[PDB]
Amino acid sequence: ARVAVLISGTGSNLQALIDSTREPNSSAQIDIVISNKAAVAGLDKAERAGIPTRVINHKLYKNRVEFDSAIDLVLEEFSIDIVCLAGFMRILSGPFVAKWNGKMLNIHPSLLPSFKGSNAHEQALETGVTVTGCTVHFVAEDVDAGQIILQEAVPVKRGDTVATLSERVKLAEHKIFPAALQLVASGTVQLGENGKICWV
Ligand SMILES: Nc1nc(=O)c2cc(CCCCc3cnc(C(=O)N[C@@H](CCC(=O)O)C(=O)O)c(F)c3)sc2[nH]1
Ligand SMILES: NCC(=O)N[C@@H]1O[C@H](COP(=O)([O-])[O-])[C@@H](O)[C@H]1O
């Protein structure tokens, strides 16, 4: 399975995905890394691993649909089968999401459906949970509401901050995201016609 990884930032999840897909038994190959922001650290991790990169500045486009179309063009150029959103922060448009339905995965740093949106850790800390986690799900049109593939709980320790909590949660992200990609890449898991997770 040919994979594109979209990033907006540091690329720790990207790096975990690079490491896992180099394993001999990997069912996925990362063929392109797309960033919507220039000179982010994930672009370096990609070049060090010998993976093509492309910056598609969202700031240059009239609206989401145009910008998504620019991404889609690169996805076709590279005959991509699966899209991983790994720290990619731009909400995608309906048509793009529908096109990639069942082929696009996103990592989210909470146990969905808790704490959807961009600042999950802040919410988690403000709410006072003692267990949080991360969620790999298919991208549906409703942000952070697509079908759930894997999750891993992570404890909240007293005194935690966004810095310390997100650091612990990212250790789980680097486990379940490579695992979720391998499940989809190998056809073990797919989005069902009824729209629920299907473990073939
Ligand atoms: N249809 C669809 N379904 C999905 O499940 C899904 C998941 C995605 C992964 C991205 C993370 C989820 C998320 C993204 N973005 C924002 C946000 O407010 N983003 C600002 C830009 C802020 C910035 O640039 O840092 C904006 O895009 O306007 C947010 F609150 C939460 S994208 C997507 N699209
Ligand atoms: N709303 C989406 C979101 O919060 N994404 C989060 O951004 C980080 C990216 O880190 P990375 O750039 O080191 O992979 C990850 O912690 C991921 O869960």
Side-chain angles (χ1 to χ4, degrees), residues 4-20 30 33-46 49 53 55-68 70-72 83-125 132-154 160-178 180-181 191 195:
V5 180
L6 281 46
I7 65 179
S8 304
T10 291
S12 66
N13 276 303
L14 169 67
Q15 185 59 47
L17 291 173
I18 291 173
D19 294 0
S20 75
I30 293 166
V33 166
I34 306 181
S35 176
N36 72 292
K37 300 194 195 266
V40 305
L43 287 176
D44 290 309
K45 296 172 180 76
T53 56
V55 172
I56 306 181
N57 194 322
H58 67 282
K59 284 149 157 57
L60 283 301
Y61 295 78
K62 278 191 185 77
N63 54 44
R64 289 181 200 285
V65 172
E66 287 314 299
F67 159 79
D68 293 349
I71 287 169
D72 196 62
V83 181
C84 293
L85 308 192
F88 186 84
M89 290 310 311
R90 307 297 308 173
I91 292 170
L92 300 161
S93 62
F96 186 87
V97 168
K99 179 182 174 174
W100 294 93
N101 189 42
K103 300 308 273 221
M104 181 158 52
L105 293 69
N106 176 65
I107 174 78
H108 179 79
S110 74
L111 296 173
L112 297 170
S114 285
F115 313 134
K116 307 177 175 177
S118 44
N119 58 342
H121 299 309
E122 298 194 342
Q123 296 178 59
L125 295 168
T132 186
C134 52
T135 300
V136 178
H137 64 103
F138 286 111
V139 183
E141 200 166 337
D142 271 336
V143 177
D144 293 348
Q147 281 295 284
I148 293 172
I149 299 165
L150 297 177
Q151 309 181 287
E152 173 177 339
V154 179
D160 263 335
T161 68
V162 162
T164 67
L165 182 56
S166 70
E167 177 183 56
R168 187 172 322 109
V169 173
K170 274 169 176 203
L171 294 185
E173 299 179 17
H174 302 163
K175 287 158 55 177
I176 70 164
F177 208 174
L181 174 52
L191 202 50

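The residues of the chain are indexed from 1 along the displayed sequence. Order of listing sets the numbers, starting from 1, for every ligand and every atom in it.
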List of N/O pairs, ligand 1 versus protein, all under 3.5 Å?
| from | atom 1 | to | atom 2 | distance (Å) |
| --- | --- | --- | --- | --- |
| ligand 1 | 1 (N) | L92 | O | 3.1 |
| ligand 1 | 1 (N) | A140 | O | 3.2 |
| ligand 1 | 1 (N) | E141 | O | 2.8 |
| ligand 1 | 3 (N) | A140 | O | 2.6 |
| ligand 1 | 5 (O) | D144 | N | 2.8 |
| ligand 1 | 15 (N) | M89 | O | 2.8 |
| ligand 1 | 19 (N) | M89 | O | 2.9 |
| ligand 1 | 24 (O) | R90 | NH1 | 3.3 |
| ligand 1 | 27 (O) | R64 | NH1 | 3.1 |
| ligand 1 | 27 (O) | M89 | O | 3.4 |
| ligand 1 | 27 (O) | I91 | N | 3.0 |
| ligand 1 | 28 (O) | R64 | NH2 | 2.8 |
| ligand 1 | 34 (N) | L92 | N | 3.2 |

Q) Is it true that a side-chain atom of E141 and a backbone atom of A98 form a donor plus acceptor pair closer than 3.5 Å? A) no
Q: Please lay out, stage by stage, how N36 and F67 fare under the test side chain to side chain contact (heavy atoms under 4.5 Å, CB included).
A: CA-CA 9 Å; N36 72 292; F67 159 79; 4.0 Å; yes
Which protein N or O atoms sit under 3.5 Å from any N or O of ligand 2? Give each pair with its distance.
| from | atom 1 | to | atom 2 | distance (Å) |
| --- | --- | --- | --- | --- |
| ligand 2 | 10 (O) | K170 | NZ | 3.3 |
| ligand 2 | 12 (O) | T10 | N | 3.3 |
| ligand 2 | 12 (O) | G11 | N | 2.8 |
| ligand 2 | 13 (O) | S12 | N | 2.8 |
| ligand 2 | 13 (O) | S12 | OG | 2.3 |
| ligand 2 | 13 (O) | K170 | NZ | 3.4 |
| ligand 2 | 14 (O) | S12 | N | 3.4 |
| ligand 2 | 14 (O) | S12 | OG | 3.4 |
| ligand 2 | 14 (O) | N13 | N | 2.9 |
| ligand 2 | 14 (O) | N13 | ND2 | 3.1 |
| ligand 2 | 16 (O) | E173 | OE1 | 3.0 |
| ligand 2 | 16 (O) | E173 | OE2 | 3.1 |
| ligand 2 | 18 (O) | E173 | OE1 | 3.2 |
| ligand 2 | 18 (O) | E173 | OE2 | 3.1 |

Q: Kindly give the heavy-atom pair with the smallest separation between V65 and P95, and that separation in Å.
A: CG2-CG, 4.4 Å
Q) Judged by atom type as modelled, is there a donor-acceptor pair below 3.5 Å linking the side chain of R168 to the main-chain atoms of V154? A) no
Q: Look at the side chain of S110 and the backbone N and O of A120, then say whether any donor-acceptor pair between them is shorter than 3.5 Å.
A: no
(Q) Whether the side chain of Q151 engages the backbone of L112 through a donor-acceptor N/O pair (distance < 3.5 Å, no angle test) should be reported. (A) yes
Q. Would you say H108's side chain and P113's backbone share a donor-acceptor pair under 3.5 angstrom?
A. no
Q) Among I107, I71, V83, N106, which residue meets the side-chain contact (heavy atoms from CB on, under 4.5 Å) test with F88? A) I71
**Q.** Check against side chain to side chain contact (heavy atoms under 4.5 Å, CB included), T10 and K45
**A.** CA-CA 9 Å; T10 291; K45 296 172 180 76; 3.8 Å; yes
